[PDB]
Colleague: 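Below is the structure I would like to discuss, written out as structure tokens.
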Amino acid sequence: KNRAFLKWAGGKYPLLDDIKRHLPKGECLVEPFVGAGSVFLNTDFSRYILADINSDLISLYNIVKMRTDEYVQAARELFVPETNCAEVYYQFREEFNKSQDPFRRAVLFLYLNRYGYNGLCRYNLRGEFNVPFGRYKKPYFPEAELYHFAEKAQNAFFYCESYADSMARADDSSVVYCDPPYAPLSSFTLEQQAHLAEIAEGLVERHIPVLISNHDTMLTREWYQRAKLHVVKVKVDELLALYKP
DNA sequence: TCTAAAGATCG
DNA sequence: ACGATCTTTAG
Ligand SMILES: Nc1ncnc2c1ncn2[C@@H]1O[C@H](CSCC[C@H](N)C(=O)O)[C@@H](O)[C@H]1O
């Protein structure tokens, strides 16, 4: 089980075996909500189409892919004991928000991810990262994970776009795995959750397999009515919806 | 999920 | 300018 180099909310590392058991085979895997890319890192497709609405995330992945050695060397310098301080953190956060250099932002993004509060990724409406200091004992610099990501990324294209556009990229030899933001138990809207299912239905009718993961609720069972539903026991369970052609 | 402070929105 | 109520911000 390969780990992502990023902390990311809604990561699927603990559920990978269940996903891989129901994920269909194909030439290309399409992930409209790639996030930290835990599925991408733990599958074996010949090609990947990876997308996310987060532009900082997609830019970071491109930098790591194309400028691997350069990035690792620069990012490693921020993972020293000197930087594990509140005053230093908030200046690096300010430098990130004020930088117009994709490389420097990518370097700082990793620092903020592993030194920031609970590994959160939060912005304001002005597009500024505003997660406070995390106060960890000793943040781990994911060098091994970075190089492995770069290696696997050689067979992947990255796109910053919404799910509707990325799922439109899927062709006959594609398999689509969707890991949308969790459905509410009591921003990704309810309409977007439903629209995702409608796009999935359209895809499978063109003989393109789609696998969606979400919480197991009354709403998600309704949204994914036209799919074979598998319950994953994990109090709420996890749901896997497979649209098989 | 928390919240005090600042800004948004409408009549 | 006012008042009530969200909305946003960010530790
Ligand atoms: N409208 C949208 N279109 C495409 N991606 C979106 C989106 N709204 C949210 N997202 C992205 O979907 C991701 C869901 S978290 C899923 C993470 C991933 N499965 C992993 O293993 O790491 C988030 O990173 C978020 O940035």
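Below, chain A is the first sequence line, B the second, and so on; all start at residue 1.
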Colleague: Atom CZ of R122(A) to atom P of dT9(C): distance rounded to whole Å?
Modeller: 9 Å
Colleague: Quick check: do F96(A) and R104(A) have side-chain heavy atoms less than 4.5 Å from each other?
Modeller: no
Colleague: Verify the contact: side-chain N or O of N124(A) to OP1 or OP2 of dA10(C), cut-off strictly under 4.0 Å; return yes or no.
Modeller: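 The answer is yes; a side-chain N or O of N124(A) sits under 4.0 Å from OP1 or OP2.
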Colleague: Whole angstroms only, please: what is the OH-P distance between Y117(A) and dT9(C)?
Modeller: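 Atom-to-atom, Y117(A) to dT9(C), this comes out as 19 Å.
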Colleague: Using a heavy-atom cut-off of 4.0 Å across all strands, would you classify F129(A) as base, sugar-phosphate, or nothing?
Modeller: nothing
Colleague: Counting distance only, does the side-chain N/O of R122(A) pair as donor-acceptor with the main-chain N or O of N130(A) below 3.5 Å?
Modeller: yes
Colleague: Separation of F96(A) atom CZ from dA10(C) atom P, in whole Å?
Modeller: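 Value for this atom pair: 14 Å.
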Colleague: Quick one: does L78(A)'s side chain get under 4.5 Å of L110(A)'s, heavy atoms only?
Modeller: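 Heavy-atom side-chain distance check fails, nothing below 4.5 Å.
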Colleague: Roughly how far apart are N155(A) CG and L29(A) CG, rounded to 0.5 Å?
Modeller: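 These two atoms lie 12.5 Å from each other.
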Colleague: Expressed in angstrom and rounded to an integer, what is the separation of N130(A) atom CG from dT9(C) atom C1'?
Modeller: 7 Å
Colleague: Calculate the interatomic distance between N118(A) atom CG and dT1(B) atom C1'; express it in whole Å.
Modeller: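 In whole Å, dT1(B) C1' and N118(A) CG are 11 Å from each other.
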Colleague: Between atom CG in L125(A) and atom P in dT9(B), what is the gap in whole Å?
Modeller: 10 Å
Colleague: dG11(C), OP1 or OP2 - any side-chain N/O from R93(A) closer than 4.0 Å?
Modeller: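 So the side-chain polar atoms of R93(A) do come within 4.0 Å of the phosphate oxygens OP1 or OP2 of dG11(C), strictly under.
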Colleague: Figure out the CG/P separation between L120(A) and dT9(C), and round it to whole Å.
Modeller: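 My rounded result for the distance is 15 Å.
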